[PDB]
Every structure is written in C-alpha cells, then in structure tokens.
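Okay, here we've got a single chain as structure tokens, the form deposited in one PDB entry, with questions on binding and movement later.
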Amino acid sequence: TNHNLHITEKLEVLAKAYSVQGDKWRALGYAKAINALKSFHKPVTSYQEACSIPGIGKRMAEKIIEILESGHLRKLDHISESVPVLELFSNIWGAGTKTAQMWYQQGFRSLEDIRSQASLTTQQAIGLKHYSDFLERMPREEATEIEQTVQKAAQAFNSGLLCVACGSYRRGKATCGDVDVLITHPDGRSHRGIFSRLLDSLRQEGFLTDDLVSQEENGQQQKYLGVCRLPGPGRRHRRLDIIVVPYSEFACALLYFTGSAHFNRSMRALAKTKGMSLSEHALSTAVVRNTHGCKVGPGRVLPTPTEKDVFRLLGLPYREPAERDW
C-alpha cells in the first residue's frame, strides 16, 4: 500500500513531463524517488525523514515537503503546455521523444493532425491504427491463450520446442500489456530456421495481423515484435513479442524477458560493480571496462543452466519472478 499517494501522484506528473521532453536521466531520478515513496512503511512527514530514504536527495526532499505543507507543487504549474500533446504522440508505437517533438514543432496537436498530415514510418502507421489497443492491458488468461497459440504452432513442426510466456505474465500480474514468448530447444541446434516456419504458420491461420519488427531476410532473426488477435467476437488486437534463443542462453534469456526492466537494470548494474556483465545472452566475468564504465574487453561467458545460477554467480539471494517488479 502507498502511504504517500498525494506526494507521488504529483511527482509522477512532473516525472512523465521530463520523460516525454527527452530528459531521460532526470526522469530516471524521479522514477526511483517515486518508487521509494510508494514503498515506504509510513507517510513521510518531514524533510529529514525524506532525505533518510535511499533514492531521495535534498532536492527531492524539498519538493516532498512543499507538497506536504502547501498541497501543491510550484514546478507543476510551469510545465510546458506542449507536454500533454507530446505524451499523446509518444504513445504511438514507434514514435519517441524526438519524433513527438518534431511533430509538435511542425504544428501538429492531435492524432487527427498526425493521421492526415504527418509523415509516418511503417511502424508508426501501425501504432496509430492500433492506438487504443496498444494502451490497453489484457487479462492474464488471454495471455495464456496467446502463448498456447504460439506454442501449438511451434510444437507442430518440432515437438521438442520449449515455449514460455515471460514479462508481466510470468511475474504473476493479473493483466498483461503484451505477451512475451521465449522459445528454445534443449538440444543446442534445432532452434535454427524456426522463425520463418513459426511466422508462416501463424499467418496461415490469420493469427498475426501486423508486423512491427521482423527481419526475415537472413535467418539470423532474434526477435519478432508484432500484433495478433484471437478468433471470435469481443477480441482486441494484442502486442506479441517472440524471441528464439540457443539453449545455453535459456536462463539469461528467461531472466531478461521476465524482467521487470528496472529489475534487469539493477541486476546488470550490480554485475558491472563486480567487473561482470549480464545481458539477455549470458553472464560474463572478467569484463574489461574503461573509466567511463564502457566495455573495452569481452570477458568470459559463465555457464548458467538456470536462473538460480545467475543469482548465485552474482552473490545474490534468488528472487521468484513475482518478486521482481522492482
């Protein structure tokens, strides 16, 4: 339970404003502080108490107190009038802050402006077509039906294929923004050439309705991001994201694709403090980095049969997927 809703609600506004205007790192700082506040055991009632909490510094503390005393936040009143419009545009799949700001500068103010006048990438046109659907979450039960549709199609041409739904699904969420399907084969080799077979099968049953990201030219495709819809009435278009990985990469892929994103970043951050590196492919040791924290030497891949291995190798207690929201 959030014991500081009146605080975080207002900070969240300012946070999203920074995010759509492209101030990525300031927005990150806000997101951490906000999460810290959602998690504190009590109402925060003083400046000194606010500073005591990890993720909250003096600058955030001052804003917390201002809200606590005056019920308003001055910084809110002076947010650029463009921000609601920037948020509107940035919620088009395939458009980010740079495109949203360009569209705004060009005079566009509504999705109707975008449809009739804006230059749209192929992805952004699909995003616009499914604008509402892409902002909806589906019941986790529908995610199950989607995973089963992909699994049945995959296993139909290779029974050995393992398919698992990840992301918010695997973390136990009641609703899911998309379906993340990880596919591998416990024999190191068979997982090659399968995107082409899988996709053509899912198209032939009319399941896939649009492709957003799908490099099908050379058989080195690693991901599919697209759109599907189950049969029958009352069905919405749902985002479907599929990755196919070598078996030896299964645990790191499972871990990455399960998330959350913040959980991933925090775990990878920790790995870097230990001169290690964690990606969707592997956990590596003895990685060489320069003074800016940038990789200049590859390191060594560590064997990680299971998720518990990754945790173990990082000196971390295991955390079940449901406990990985942050």
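Rigid core (definition): largest C-alpha set, two forms, superposition within 1.5 Å. In case it trips you up, residue 1 is the first one in the sequence shown, and so on.
Missing here is the form deposited in another entry; even so, the following discussion is about that form.
When both forms sit on the same rigid core, the CA shifts between the shown form and the other one reach 2 angstroms or more only at 68 out of 68, 271, 282, 27. Once the rigid core is used as the reference frame, the Cα position of residue 220 differs between the shown form and the other one by 2 Å or more. Taking 2 Å as the criterion, residue 45 counts as shifted between the shown form and the other one: its C-alpha moves by at least this amount when the rigid core is aligned. Note: the CA-CA distance for residue 129 and residue 221 expands in that other deposited form relative to this form, by 3 angstroms or more.
Contraction of the residue 256-residue 220 CA spacing by 3 Å or more is recorded in that other deposited form, set against this form.
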